[PDB]
Amino acid sequence: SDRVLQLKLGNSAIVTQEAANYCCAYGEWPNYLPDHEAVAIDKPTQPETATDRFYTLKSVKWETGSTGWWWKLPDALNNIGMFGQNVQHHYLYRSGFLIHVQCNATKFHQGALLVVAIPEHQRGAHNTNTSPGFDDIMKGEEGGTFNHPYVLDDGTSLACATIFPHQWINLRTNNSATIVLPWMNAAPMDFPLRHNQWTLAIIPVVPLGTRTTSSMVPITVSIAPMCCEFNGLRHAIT
Amino acid sequence: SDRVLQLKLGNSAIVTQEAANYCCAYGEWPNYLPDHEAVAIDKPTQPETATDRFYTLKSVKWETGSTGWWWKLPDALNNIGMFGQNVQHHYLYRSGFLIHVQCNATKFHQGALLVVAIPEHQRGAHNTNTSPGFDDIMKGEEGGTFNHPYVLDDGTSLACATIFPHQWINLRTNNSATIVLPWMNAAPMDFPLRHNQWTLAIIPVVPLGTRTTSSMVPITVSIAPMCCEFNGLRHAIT
Amino acid sequence: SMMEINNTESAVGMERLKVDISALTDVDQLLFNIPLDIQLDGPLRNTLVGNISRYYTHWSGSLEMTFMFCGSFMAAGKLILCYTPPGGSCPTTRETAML
Amino acid sequence: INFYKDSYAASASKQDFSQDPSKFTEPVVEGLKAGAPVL
Amino acid sequence: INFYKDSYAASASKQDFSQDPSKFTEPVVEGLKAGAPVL
Amino acid sequence: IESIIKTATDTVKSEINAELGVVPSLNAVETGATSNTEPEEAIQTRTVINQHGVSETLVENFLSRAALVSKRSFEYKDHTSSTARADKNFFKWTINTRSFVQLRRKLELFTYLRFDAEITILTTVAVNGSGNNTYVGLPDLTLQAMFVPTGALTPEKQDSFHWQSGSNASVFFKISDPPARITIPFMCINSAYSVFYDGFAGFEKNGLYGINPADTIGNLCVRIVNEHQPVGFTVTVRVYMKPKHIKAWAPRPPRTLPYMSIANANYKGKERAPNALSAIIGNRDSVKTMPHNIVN
Amino acid sequence: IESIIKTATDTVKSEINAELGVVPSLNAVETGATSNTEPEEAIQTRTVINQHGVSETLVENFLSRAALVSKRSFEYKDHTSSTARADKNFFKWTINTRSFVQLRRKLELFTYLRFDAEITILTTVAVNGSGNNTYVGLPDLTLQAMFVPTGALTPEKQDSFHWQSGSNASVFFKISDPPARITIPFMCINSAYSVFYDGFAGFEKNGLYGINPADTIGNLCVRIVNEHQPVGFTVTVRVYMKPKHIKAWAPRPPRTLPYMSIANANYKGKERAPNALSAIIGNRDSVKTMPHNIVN
Amino acid sequence: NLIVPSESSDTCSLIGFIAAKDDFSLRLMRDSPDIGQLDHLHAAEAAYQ
């Protein structure tokens, strides 16, 4: 009942037979910007299925000494398909997301990943007064890895990361996690190339372990933008 | 009354103070594909203002020995803005057009351009049995020029070209022409990279002439797609 | 109120308040551009909207730019005026600005 | 006591006793009943 | 709070929200309709 | 038309327009009217419910702020061996709003003004240097500020009998007290002050140009009531004015070139742009040069 | 579900449970939900009517306290032979909430905040040592605090004409008066301040990371109005901020490692636990060792 | 193009104006940077004589 799930958006569909419900961030669902909250007066474009569909990122390998991985939205999707083209041709962007993280292994494997969506994950640098640079933060589709997941790379605690929308992928229990993210910003719309509303972090709290014959155990992220709308049409900049 | 005209689509607007009404091809207006005529079953994307807006092509120079110019749709627009991106990412395309041709001169100038939208302008070659090649036909934004406008480059007559939707730009009377084109095809949708529904032809039936100081007299084409819809989303091919 | 678009050296006094256009022999040429910052020095600063707004720190709403052609009755021409929302460089070709 | 003309000049407002912990404690699409197994 | 006997001693009056921009923006004897050519 | 405006106007959604004979984007500047082209007619808009308030740009709010109008420093000491021009424990000031440029320019944004004037007097004191090279403390002195109508008899010395103030309004205040405050009514003999006056205030041809003394509030005569101490001090009195109950008529082009005098609108301009006589706005390389272009 | 909570919840008495298919103590953490196991289902309870109030943990009460945000000491004297970097009878401060760590951490418990800010300014003065090795007394000086929007023109000297404050809000106060107090409204161009900002505030790639100047209240420019005395003093101005009318969104993991800079969230941690990079909690001998075991 | 006869001027001027619409609003009043003084104006001292 709560273990199988099908997500269908646009021309894309995902099935999971080992889900554990799914999380709606702060009990909200994505929606278009209403008139009583709108600021930009030009008529927005709403590509619907052309952009509100699952895009699958490159899988990463869960290793024994893995510290964790992170991706920033919309930066990770800013050069992918019609979402990327709309982002590059429009000054203003607005959308939510549907995140589906996949990781399977055998019944002889053990491991626990915290899959947490952090709003406004302003990263800090380690052992220096210099602020993180543009290249340290803006990683695109590839994303990045945690230097110190114990402190979430920001001087806070990983133990308290559960205050944020999150699921767990515990290998004995489930093989996928699903999080629904509404628009999360101080402003109704934002420039998609300079600000990142959400950061998806996958941190192996319990390391991968087994005594069978070792196999590559990848982690795969599929993100579907939702209720995409764009304002301020002009030439592409990327 | 019938001399001034404002056309506003998306974020684009054109004003003319010397128009001569405007033509709706065969008395029709563009519209989206209705359910009782639809074939493709996937939900189409309708970008609305992102694609249904005026795109201005490169101006050409009206000379004494000019034979005429032609552009093919949607080929001329296939690499321009969000219309181009949607065309490149979708197998199927459908839209009409709003064509606005601009050419001004002094009250001491004389000249007459036939601005005709030819449906399915299958071009022929001169003095050979070899069919025209891909490069001879597919010219993109730049378009082409008539080799023998007297026979419309297809063995027919220029004198009978008025059977097709058309206006005249007569320099003593008007400085612009406007033609509205509905979807014109045997099939409800088509592959935009291999078939051209419409050809805009601008032919100087009466050559440009004057006895004042000569100035460059350009001809400018602005084309706005209308009721754009796209089917068959996939990776960009261009 | 009048914009000072021609805010260049060798343009003295009243000459700063008008933009000269001549006949060109190449197509789709750029004529001028206007920065849109009503806080820094620029063509919009010494206007009623600019002067009043600079007494404040925050601003919102739409603006309107009205151009009057002051050539002879016999002069003819077509121009295109483009507003480009921010994010990239100022367009330098017509096929980019028209987007 | 507020004799100022601007409402933001007023003293603090400590009367908002409304709560919704479930937006942080149970952000799941399918509610979980007591006693019944979650999975 | 005004306990003075002269009315001009009172605090400021920031309640006058009435406007008429047309006395500066459109001071023409014949009004101009939207869309219709001015001349 | 007259209407009550509390928030910025809303935007209504708009569709494609292809109508002959209708050109909302075309205007005629020659008529002197401002273009009426709406955003709905220029582009395709969405619906926006605008809740932005407009109260901070109200004329009352715009002008009803305490602005510095006078600053006078003078020595408080025995003035037996002082020069004639020196302020001997008291000064007189012809009230004007043209000495400090921020308030002056704000007021000159309008042709006619009608307002009452809140007046605040702030006093500071310092121990004189090179008179007594030591510090003992700051006395809590009492000051008298007497309003004297323009041209009337002003006191000639600190202990003059004219300070008895039989009918003149006088305010006594201490340095330790909060700054003194009084409201002066709208006192013009006309229904409004003339911010600019294009004429001469005399029936002969030698009167001052651009000066209407009906627009001068009056004279402020400020003295230290205390007799002088054995040591000298420097006392600085600042007068601040705040218009209130304001009505404004006929807005004007704002001042661009720096002010030269409080008596006229004479102009010289900066040596080079900005705000030079031949160039108000700073220069750029060309009309095709974008000054702060974004380049990535 | 939304409900009005004024007191802690009551406890209901419970009986023995031996029901098949019902396991209230078992949960699934993987779903991300917090366990719903009630005390009534884990043990046998009595009935308790709980009257404990919850008002002291209200967000408004939690944040609406005057916290020190700025402390600046400067010399009040003749500054003719002073260095350029010295505060010559006045200072300027870009307002921020990140310099004093208690308030900073409390604010950073949240992602988004919306509040008006009560501001209290407290001034203290001392007689300079090694300048004049003597005490005469403390003057009752007047100070001007002018609010200048971020990036706007700030005064360049103590007696600068910029202090005339035509439109800027300015407050004048005495050291002998109670601390000055003004309320600054919620001034963000957005509907809420961004406590953390994951982006760059510039259209090029060299802008500051994590800094959104829309969340900077402004600049405070503080001067002594009095001209300098023959002897020197040291004046310390403390600015305290109290948020009020507060709304808070998206709570965050609290800061553990010590702050390094007011410009970023950079971390180094203590040399050893507690609050070290590799160990936040202090160590015990083993997971079987009870640190403060009661032994009788 | 700009096209004129030989009798007309070959260079023609445009005048640009700017205004705000009625959806325009301003906040956070501040001293205008467009005016300032470094000294007392002429005849300002005479008001004290």
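Quick check on F:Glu15: is it in a loop (DSSP other than H, G, I, E, B), more than 9 Å from chain E (Cβ to nearest Cβ) and not polar (S, T, N, Q)? Against the criterion (in a loop (DSSP other than H, G, I, E, B), more than 9 Å from chain E (Cβ to nearest Cβ) and not polar (S, T, N, Q)), F:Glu15 qualifies. On inspection, B:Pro204 fails the criterion of being of a type outside the set (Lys, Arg) and within 13 Å of the chain's Cα centre (by Cα).
Residues in region G:206-235 that are closer than 20 Å to G:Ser261 by Cα and more than 9 Å from every other protein chain (Cβ to nearest Cβ) were compared, and the one that is surrounded by the fewest Cβ atoms within 10 Å (Cβ to Cβ) is G:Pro213. Among the residues making up region F:97-118, those that are of a type in the set (A, V, I, L, M, F, W, C) and under 8 Å from the mean Cα position of the chain (by Cα) are F:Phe100, F:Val101, F:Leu103, F:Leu107.
Can we say F:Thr31 is buried (at least 19 other Cβ atoms within 10 Å of the Cβ) and closer than 24 Å to E:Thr25 by Cα? Spelling it out, it is not the case that F:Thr31 is buried (at least 19 other Cβ atoms within 10 Å of the Cβ) and closer than 24 Å to E:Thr25 by Cα. Candidates in region G:110-139 are the residues that are touching a strand residue (DSSP E or B) at 6+ places or on another chain (Cβ under 6 Å) and not in a strand (DSSP E or B); of these, the one that is farthest from G:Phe62 (Cα to Cα) is G:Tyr135.
Here is a yes/no grid of residues against (1) under 30 Å from H:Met29 (Cβ atoms); (2) not charged (D, E, K, R):
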site: F:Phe110; (1), (2): yes, yes
site: F:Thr124; (1), (2): yes, yes
site: F:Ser130; (1), (2): no, yes
site: F:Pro139; (1), (2): no, yes
site: F:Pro149; (1), (2): no, yes
site: F:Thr154; (1), (2): no, yes
site: F:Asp159; (1), (2): no, no
site: F:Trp163; (1), (2): no, yes
site: F:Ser170; (1), (2): no, yes
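Residues in region A:211-234 that are in contact with a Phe, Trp or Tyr (Cβ under 9 Å, 6 or more places away or on another chain), within 18 Å of A:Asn175 (Cα to Cα) and either assigned to a loop (DSSP other than H, G, I, E, B) or among the hydrophobic types (A, V, I, L, M, F, W, C) (or both): A:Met216, A:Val217, A:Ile219, A:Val221, A:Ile223. The C-beta contact set for region C:18-33 (first residue more than 7 Å from every other protein chain (Cβ to nearest Cβ) and on the phi < 0 side of the Ramachandran plot, second residue assigned to a loop (DSSP other than H, G, I, E, B) and surrounded by fewer than 17 Cβ atoms within 10 Å (Cβ to Cβ), distance under 9 angstrom, 6+ apart or interchain) comprises C:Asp26/B:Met216; C:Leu31/C:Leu24; C:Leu31/C:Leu79; C:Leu31/F:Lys288. Scanning region B:1-46 for residues that are within 14 Å of chain A (Cβ to nearest Cβ) and closer than 30 Å to E:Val38 by Cβ turns up B:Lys8, B:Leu9, B:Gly10, B:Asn11, B:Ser12, B:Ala13. G:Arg255 falls short on exactly one of the conditions (1) surrounded by 19 or more Cβ atoms within 10 Å (Cβ to Cβ); (2) without any contact (Cβ under 8 Å) to a residue 12 or more places away in the chain, and that condition is (2).
Name the residues in region B:129-155 that are touching a strand residue (DSSP E or B) at 6+ places or on another chain (Cβ under 7 Å), crowded, with 18+ Cβ neighbours inside 10 Å and either outside any helix (DSSP H, G or I) or among the charged types (D, E, K, R) (or both), would you? Of everything in region B:129-155, those that are touching a strand residue (DSSP E or B) at 6+ places or on another chain (Cβ under 7 Å), crowded, with 18+ Cβ neighbours inside 10 Å and either outside any helix (DSSP H, G or I) or among the charged types (D, E, K, R) (or both) turn out to be B:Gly143, B:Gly144, B:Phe146.
Set side by side, the residues G:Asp198, G:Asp116 differ, and just one is of a type in the set (D, E, K, R), farther than 26 Å from G:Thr57 by Cα and either surrounded by 16 or more Cβ atoms within 10 Å (Cβ to Cβ) or free of Cβ contacts under 8 Å to residues at least 12 places away in the same chain (or both), which is G:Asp198.
Could you tell me which residue of region D:6-35 is surrounded by the fewest Cβ atoms within 10 Å (Cβ to Cβ), considering only residues that are more than 7 Å from chain G (Cβ to nearest Cβ) and not in a loop (DSSP other than H, G, I, E, B)? Selected residue: D:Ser7. G:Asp285 satisfies every condition listed in (1) over 25 Å from A:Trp183 (Cα atoms); (2) at the interface with chain A (Cβ under 8 Å from one of its Cβ atoms) except (2). Identify all residues within region B:47-73 that are within 14 Å of chain A (Cβ to nearest Cβ) and among the β-branched types (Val, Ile, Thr); write none if there are none. Across region B:47-73, the qualifying residues are B:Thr49, B:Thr51, B:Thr56.
Within region A:36-61, the residues that satisfy the criterion of being crowded, with 22+ Cβ neighbours inside 10 Å, touching a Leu at 6+ places or on another chain (Cβ under 7 Å) and not in a helix (DSSP H, G or I) are A:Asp52, A:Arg53. Of the residues making up region A:105-121, those that are assigned to a strand (DSSP E or B) and either out of contact with any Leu (no Cβ under 7 Å at 6 or more places or on another chain) or among the small types (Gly, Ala, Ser) (or both) are A:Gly111, A:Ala112, A:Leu113, A:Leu114, A:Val115, A:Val116, A:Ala117, A:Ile118, A:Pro119. Taken over region H:1-31, the residue count meeting the criterion of being assigned to a loop (DSSP other than H, G, I, E, B), more than 28 Å from E:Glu26 (Cβ to Cβ) and either within 23 Å of the chain's Cα centre (by Cα) or more than 7 Å from chain C (Cβ to nearest Cβ) (or both) is 4. Do the conditions hold for A:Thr199, that is, is it in contact (Cβ under 8 Å) with a residue 40 or more places away in the chain and facing chain G (nearest Cβ under 8 Å)? Considered against the rule, which asks whether it is in contact (Cβ under 8 Å) with a residue 40 or more places away in the chain and facing chain G (nearest Cβ under 8 Å), A:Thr199 comes out as yes. Screening the candidates H:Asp39, H:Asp34 for the property of being in a loop (DSSP other than H, G, I, E, B) and at the interface with chain C (Cβ under 7 Å from one of its Cβ atoms) yields one hit, H:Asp34. The residue of region C:37-61 that is farthest from the other protein chains (Cβ to nearest Cβ), among those that are in contact (Cβ under 8 Å) with a residue 12 or more places away in the chain and of a type in the set (A, V, I, L, M), is C:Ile38. Residues in region G:34-52 that are under 13 Å from D:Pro37 (Cβ atoms) and within 7 Å of another protein chain (Cβ to nearest Cβ): G:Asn36 only.
Kindly check whether there is at least one residue in region C:62-80 that is more than 7 Å from chain H (Cβ to nearest Cβ), free of Cβ contacts under 8 Å to residues at least 40 places away in the same chain and closer than 20 Å to F:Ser286 by Cβ. Checked region C:62-80: at least one residue is more than 7 Å from chain H (Cβ to nearest Cβ), free of Cβ contacts under 8 Å to residues at least 40 places away in the same chain and closer than 20 Å to F:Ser286 by Cβ. Taking region F:76-90 as the range and being within 14 Å of chain H (Cβ to nearest Cβ) and either among the small types (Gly, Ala, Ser) or surrounded by fewer than 20 Cβ atoms within 10 Å (Cβ to Cβ) (or both) as the test, the residues that pass are F:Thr83, F:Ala84, F:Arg85, F:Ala86, F:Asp87. A:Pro204 meets the conditions (1) within 30 Å of G:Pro258 (Cβ to Cβ); (2) out of contact with any strand residue (DSSP E or B) (no Cβ under 9 Å at 6 or more places or on another chain); (3) away from chain G (no Cβ under 13 Å) in every case but one. The failed one is (2). Exactly one residue among G:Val69, G:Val54 is β-branched (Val, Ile, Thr), touching a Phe, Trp or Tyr at 6+ places or on another chain (Cβ under 8 Å) and within 20 Å of G:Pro213 (Cβ to Cβ), and that residue is G:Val69.
Reconstructed Cβ throughout: ideal geometry from the backbone, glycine too, with neighbour counts over all protein chains shown. Every read-out reported here was derived from the displayed coordinates using simple, explicitly stated rules and does not represent laboratory data.
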